[PDB]
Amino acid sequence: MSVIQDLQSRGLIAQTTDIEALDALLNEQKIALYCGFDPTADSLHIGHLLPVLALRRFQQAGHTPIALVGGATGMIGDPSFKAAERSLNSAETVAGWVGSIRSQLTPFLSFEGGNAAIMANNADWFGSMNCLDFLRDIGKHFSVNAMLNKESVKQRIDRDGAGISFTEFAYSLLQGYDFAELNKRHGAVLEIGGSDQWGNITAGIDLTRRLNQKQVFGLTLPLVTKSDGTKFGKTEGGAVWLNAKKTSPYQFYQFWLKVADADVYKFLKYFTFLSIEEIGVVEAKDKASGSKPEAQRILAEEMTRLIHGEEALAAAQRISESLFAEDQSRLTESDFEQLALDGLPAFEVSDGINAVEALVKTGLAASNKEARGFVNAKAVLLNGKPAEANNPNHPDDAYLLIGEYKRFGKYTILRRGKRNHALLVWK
């Protein structure tokens, strides 16, 4: 199967300058392509996965991928399809983020063989480029009227928009020059990016022709949309980060389990490296069997193993099988650290708290008298087992939370009823 044919089978080609010439080029020889990533936070999230995965899909076919970290463009800010001005980050801020997201992109690509990936930083050439040379050597090739009519910023320019500063209005010049520079340095003849990068990609296509007299191509990936209209990574708990210390592999694994039946087969094509045929068998088995669909679990296993690793997937599976389980002895200290991060509503308690005190402190009851009914109804579980009396009282301390209930001397899973429960953390 062709490289382009594989991407269009997955619905991964949104816009491309010449699909026939790009397809014929990839079958005739191996090329170098590049994609740019701007440091806007201390870590990436799932909304950034498509471009770096698409780079890997090209590297699998023997092409050389270039991952550009925006050490310089991150100091300006991409205004493409943004209705409000981004704020300016400090040089110290961006330099740290450059090292962070660089450590997150490198695992996705191979650095062996002739097609080994290349990590680039546009601060290498902009960090020593004088402002006059910037405005002249780059700026003379840009028409302000053409810049104003770009869809990516036209909504900001109109009378209804919030306006744009000269800073962000100049961003397409930096990203445009990156394509010409990477074409000169590493023979980059293709730039891929997110769906909102069409304006800045074609700018680097034109600029590469004017500066290097070379024909290059651009391809944008689809906007990851959901069937119900909601945003892709918007969850109740926030964003689904790639850094395990921001979102636990359990919650990462949980996010992909909850994918809708309409979205799960497209997400398998977008994000996994299972073949179109393998995904086609997964879909047909679910569509023919009257049982629950298996695609969400397969999606969750593929994404957790890819981003976090095989052991972290095992941890997420072990937590998922133990959190609502009768026997929780499988949970480890690291498993509870995941739970305290974003697995369960965590609450700090100290020695001496009884059962009804923790039942209302965690929100599992409105009042203690209401929780006292839940206690005597045998509807309260501690680490999978119902609470038992263990005191000669003093009034409500008959059900006390003593050290026996402390998992690793720090954690206790408090459960009330069939659903909804909390995590106790001992200080």
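When you see a residue number, it is the position in the sequence shown, counting from 1.
Missing deposited residues between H394 and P395: 4 to 9, all without coordinates in the entry. When the mean C-alpha temperature factors of 414-422 and 15-23 are read from the deposited coordinates, 414-422 comes out higher. Legend: mean Cα B-factor per stretch from the PDB entry, 338-346 versus 188-196; the higher mean is in 338-346.
In this entry, the residue among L68, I31, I46, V360 with the greatest C-alpha B factor is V360. Per the PDB record, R156 has a higher Cα B-factor than any other of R210, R156, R305, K287. In the PDB entry, a CA B factor belonging to the middle third of its chain's modelled residues is recorded for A41. The PDB entry assigns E321 a C-alpha temperature factor belonging to the lowest third of its chain's modelled residues. Remark: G163 belongs to the middle third of its chain, ranked by C-alpha B-factor as recorded.
Ranked by Cα temperature factor within the chain, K378 sits in the highest third according to the deposited record. When the CA B factors of the chain's modelled residues are split into thirds, the value for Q104 lands in the lowest one.
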